[PDB]
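K.L.:
Shown below is the structure under consideration.
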Amino acid sequence: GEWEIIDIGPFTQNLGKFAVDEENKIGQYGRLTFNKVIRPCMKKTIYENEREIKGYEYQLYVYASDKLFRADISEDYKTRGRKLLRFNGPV
């Protein structure tokens, strides 16, 4: 597999969107999903390397209005992962 962090730039703008989407789509439409900031946001995928893509997931450990942890997210690709996310693994 692979792994790589970001620079409080892209995963940040995503934390607000994705979260409110998968967070609400997951059944957590309580409120928005972005307030404080995104610093320890990381990305990790379980794909091949130069022949195909198997699973693309990510870890967004940060803090928003009620996300004191990491908004995770996975996405099937060639094996059969899936679309989802998680709000835990707090600090």
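Lettering and numbering for the structure tokens are positional, with chains as A, B, ... in the shown order, residues counted from 1 in each chain, and ligands counted from 1 in the shown order.
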Which residues in chain A does DSSP call helix (DSSP H, G or I)? List them as an MDAnalysis selection string.
P.N.:
chainID A and resid 10:26
K.L.:
Can I get the selected residues back with N, CA and C atoms, as a short mmCIF file (atom, residue, chain, number, x, y, z; two decimals), in the first residue's frame?
P.N.:
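For reference, part_12.cif as written:
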```
data_model
loop_
_atom_site.label_atom_id
_atom_site.label_comp_id
_atom_site.auth_asym_id
_atom_site.auth_seq_id
_atom_site.Cartn_x
_atom_site.Cartn_y
_atom_site.Cartn_z
N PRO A 10 -5.40 21.36 0.91
CA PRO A 10 -6.43 20.59 0.17
C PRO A 10 -7.29 19.76 1.13
N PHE A 11 -6.70 18.88 1.89
CA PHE A 11 -7.52 18.06 2.83
C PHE A 11 -8.37 18.98 3.71
N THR A 12 -7.96 20.21 3.86
CA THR A 12 -8.75 21.17 4.68
C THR A 12 -10.05 21.46 3.94
N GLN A 13 -9.92 22.02 2.77
CA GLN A 13 -11.13 22.34 1.96
C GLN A 13 -11.99 21.09 1.77
N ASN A 14 -11.37 19.95 1.84
CA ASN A 14 -12.13 18.68 1.67
C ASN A 14 -12.83 18.31 2.97
N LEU A 15 -12.13 18.44 4.06
CA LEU A 15 -12.73 18.12 5.38
C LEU A 15 -14.11 18.77 5.49
N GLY A 16 -14.21 20.02 5.14
CA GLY A 16 -15.52 20.72 5.22
C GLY A 16 -16.51 20.09 4.24
N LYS A 17 -16.13 19.93 3.00
CA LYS A 17 -17.06 19.33 2.00
C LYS A 17 -17.30 17.85 2.32
N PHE A 18 -16.37 17.03 1.95
CA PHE A 18 -16.50 15.55 2.19
C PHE A 18 -17.24 15.28 3.50
N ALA A 19 -16.68 15.70 4.59
CA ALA A 19 -17.35 15.46 5.90
C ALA A 19 -18.84 15.76 5.79
N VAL A 20 -19.21 17.01 5.73
CA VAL A 20 -20.65 17.37 5.62
C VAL A 20 -21.36 16.43 4.64
N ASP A 21 -20.65 15.87 3.70
CA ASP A 21 -21.30 14.95 2.73
C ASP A 21 -21.31 13.53 3.28
N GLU A 22 -20.18 12.88 3.35
CA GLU A 22 -20.19 11.50 3.90
C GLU A 22 -20.67 11.54 5.35
N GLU A 23 -20.30 12.54 6.09
CA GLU A 23 -20.79 12.64 7.50
C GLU A 23 -22.30 12.70 7.49
N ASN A 24 -22.87 13.59 6.74
CA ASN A 24 -24.35 13.65 6.68
C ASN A 24 -24.85 12.40 5.96
N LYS A 25 -24.25 12.08 4.84
CA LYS A 25 -24.68 10.86 4.10
C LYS A 25 -24.58 9.62 5.00
N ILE A 26 -23.59 9.58 5.85
CA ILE A 26 -23.44 8.40 6.76
C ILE A 26 -24.57 8.38 7.78
#
```
K.L.:
For residue 37 in chain A, find every residue with an atom within 9 Å (counting only C-alpha atoms), except residues of its own chain fewer than 6 positions away, and show them as a PDB file with C-alpha atoms, in the first residue's frame.
P.N.:
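around_23.pdb, written as the output of this step:
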```pdb
ATOM      1  CA  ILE A   8      -3.307  22.072   5.588  1.00  0.00           C
ATOM      2  CA  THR A  12      -8.754  21.165   4.679  1.00  0.00           C
ATOM      3  CA  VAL A  62      -8.105  17.322  12.796  1.00  0.00           C
ATOM      4  CA  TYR A  63     -10.642  19.368  14.755  1.00  0.00           C
ATOM      5  CA  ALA A  64     -13.810  21.066  13.493  1.00  0.00           C
TER       6      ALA A  64
END
```
K.L.:
Rank A:49, A:79, A:88, A:65 by their smallest atom-to-atom distance to residue 34 in chain A, using only C-alpha atoms, and report the top residue only.
P.N.:
A:65
K.L.:
A:77, A:61, A:87, A:3: which is nearest residue 44 in chain A, counting only C-alpha atoms?
P.N.:
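Using only C-alpha atoms, the shortest distance to residue 44 in chain A belongs to A:3.
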K.L.:
Using Å and a single decimal, report how far CA of residue 85 in chain A sits from CA of residue 47 in chain A.
P.N.:
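Here the two named atoms are 18.0 Å from each other.
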K.L.:
For the structure I just gave you, how does DSSP split chain A - specifically, which residues are strand (DSSP E or B)? Reply as a PyMOL selection string.
P.N.:
chain A and resi 2-5+37+41-45+55-63+69-74+76+84-88
